[PDB]
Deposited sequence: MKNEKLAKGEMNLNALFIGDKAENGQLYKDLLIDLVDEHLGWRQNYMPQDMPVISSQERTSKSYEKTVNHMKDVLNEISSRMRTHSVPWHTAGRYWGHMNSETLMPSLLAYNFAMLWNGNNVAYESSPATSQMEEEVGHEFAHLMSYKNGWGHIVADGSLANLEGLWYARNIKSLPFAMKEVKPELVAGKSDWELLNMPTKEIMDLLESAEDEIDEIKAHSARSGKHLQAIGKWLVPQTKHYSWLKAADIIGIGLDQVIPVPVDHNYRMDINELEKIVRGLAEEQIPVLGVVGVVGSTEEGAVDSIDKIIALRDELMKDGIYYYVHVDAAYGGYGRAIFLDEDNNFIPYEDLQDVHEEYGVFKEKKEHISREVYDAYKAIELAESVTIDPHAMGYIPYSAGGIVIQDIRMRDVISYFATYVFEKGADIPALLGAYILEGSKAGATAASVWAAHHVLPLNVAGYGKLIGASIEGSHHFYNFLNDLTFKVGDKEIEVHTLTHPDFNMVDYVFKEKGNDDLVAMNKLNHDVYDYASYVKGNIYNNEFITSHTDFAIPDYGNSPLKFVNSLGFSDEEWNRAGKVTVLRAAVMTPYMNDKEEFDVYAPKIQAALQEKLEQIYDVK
């Protein structure tokens, strides 16, 4: 039964459900104040009745009102209207799920600390469950997970896992070489991750000593190997190296295709090349849902190469960075957590309400990529991304629960023993738990929400291709960068006969200026988007096919050095129906017209 109305789980583009929120809000608030009053009910209120009616109180209350009135003016002047159903087409931001907003404020009134069960016996039991729901979303059979502060710190917590794991073999040589007897110092730096715990767990009475000689000691950080990341990586990855101690100098970027997914052949060249030079590979990162392109790296083809190289004695750790796309894997899961066969996807999506038109919306490349995330050792998934949970809430999931003992310090009692950070809000766990439990992590819940964002991005794609604008005696047309592998549709504007790639980049960068906070009050902006510069230094000639299809030469490309593209991670849940989009399409067009008519007069 796809009978869930997603339009009820949101306050609304025009606050249509504002009464629902306020009623559920005050109903939850009143339940908390009642708990308080009934804790030791023999206790008399300390704040007297006469004090609550005194001038001391009024002057203090009237100042809180004045401070909140200042906060309100500033929030209502500068904040971004990404609640609009179809005028915000930019960053990874729309509305957030009402069940999470309500459960956060409700839980914040108890202000539990998840670092220790004794300061959160209930929100910590939620995060335990939230952790298993993450693992089952990844089809891990004995995995685990927890809520991270943000995705950048979950990528770091992953590299922490890797960095420590590559070093464990060497350390079992120095502490109990009976575990790695007969193993060359290259065989040690290329052991599969499953073998390492199966050994680490074997040495029961020595786990603690073995870990003391790990990378936790501070040594073997240049021996563990190089970190391989897509050329289109997030800065979290460059900084993660800096902090973990591998170094930004030991980070190798693997070139990307013209779909801006890692070239699996260029990946091979590098891994084999490094082993001929006898340098190990600490790990590779597969990006399911890129930052500026919305690209899904082929996890299926990364773990394939690893399975082929594992016969030539070369193993790599795979960490999937699904900060954006992690929650989209529920669109692939049935109500039993079994992965829908591709042949039955369009059919099942139609019976559950995931998609409104029974077409192909997802590729077998993206489907198989998502399915192979189950064979990687850790994944980064951000609830404050495609989970529709408010900031600040990220996630990390590990394939094997035992893997947390490689970073462990001394329910998971102090769950801060098995995490990188420390104090955590139990209210952030309640907001995630609530979302996962109102919206199941399969096609009966989040599947429908992910699907509305995807289908809404596809209407945006076809709307942009057909777009042409006559501004004066000029004719500007809009070009899409690539076919969306998820919900991010990228686009550029170009003068019909202008072979200047420098000028095309000044058109797009002026459109951003008028469709952002830069030019004008944003409360009067009828269209808002994002901008990104793809530059040869960090992207290569990956954007050359596209720039060439627009009339640009490899000489103008190598001159300008960058193509400025406009980004639209479509996360609106109100643009799945073509009829609703067709209502806001004329409004996006009337805005982009007037914006273009203002940078040319």
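- When the deposited sequence is numbered from 1, the segments without any C-alpha atom are 1-7, 418-427, 619-620.
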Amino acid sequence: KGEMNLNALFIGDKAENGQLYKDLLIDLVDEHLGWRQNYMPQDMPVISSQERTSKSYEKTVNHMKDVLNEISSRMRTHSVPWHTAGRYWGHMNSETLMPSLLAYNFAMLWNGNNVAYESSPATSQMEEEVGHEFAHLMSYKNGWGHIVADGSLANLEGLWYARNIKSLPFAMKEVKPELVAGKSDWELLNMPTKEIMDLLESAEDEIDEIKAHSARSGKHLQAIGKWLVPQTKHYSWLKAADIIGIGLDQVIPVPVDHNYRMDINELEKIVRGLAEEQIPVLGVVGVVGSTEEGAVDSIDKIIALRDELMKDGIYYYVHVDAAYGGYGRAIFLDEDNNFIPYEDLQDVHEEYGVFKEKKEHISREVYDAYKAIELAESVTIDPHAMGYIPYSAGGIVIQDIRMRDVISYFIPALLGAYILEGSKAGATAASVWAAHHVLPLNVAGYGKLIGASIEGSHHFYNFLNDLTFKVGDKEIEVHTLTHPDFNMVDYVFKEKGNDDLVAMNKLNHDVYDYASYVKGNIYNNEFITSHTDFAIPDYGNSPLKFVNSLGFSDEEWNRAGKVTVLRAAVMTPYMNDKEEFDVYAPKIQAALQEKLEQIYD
From here on, numbers count along this sequence of modelled residues.
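- For the pair 506-514 and 452-460, the mean Cα B-factor is higher in 506-514.
- Of the two segments, 532-540 and 40-48, the one listed with the higher mean B-factor is 532-540 (C-alpha atoms only).
- The PDB entry assigns its highest CA temperature factor, among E127, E209, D150, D242, to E209.
- In this structure the maximum Cα B-factor among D321, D334, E495, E157 is found at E495.
- Per the PDB record, residue ranking by Cα B-factor puts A591 in the highest third of the chain.
- The PDB entry assigns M64 a C-alpha temperature factor belonging to the lowest third of its chain's modelled residues.
- In this PDB entry, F170 carries a Cα temperature factor that places it within the highest third of its chain's modelled residues.
- When the CA B factors of the chain's modelled residues are split into thirds, the value for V563 lands in the highest one.
- Ranked against the other modelled residues of its chain, the C-alpha B-factor of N164 as given in the entry falls in the middle third.
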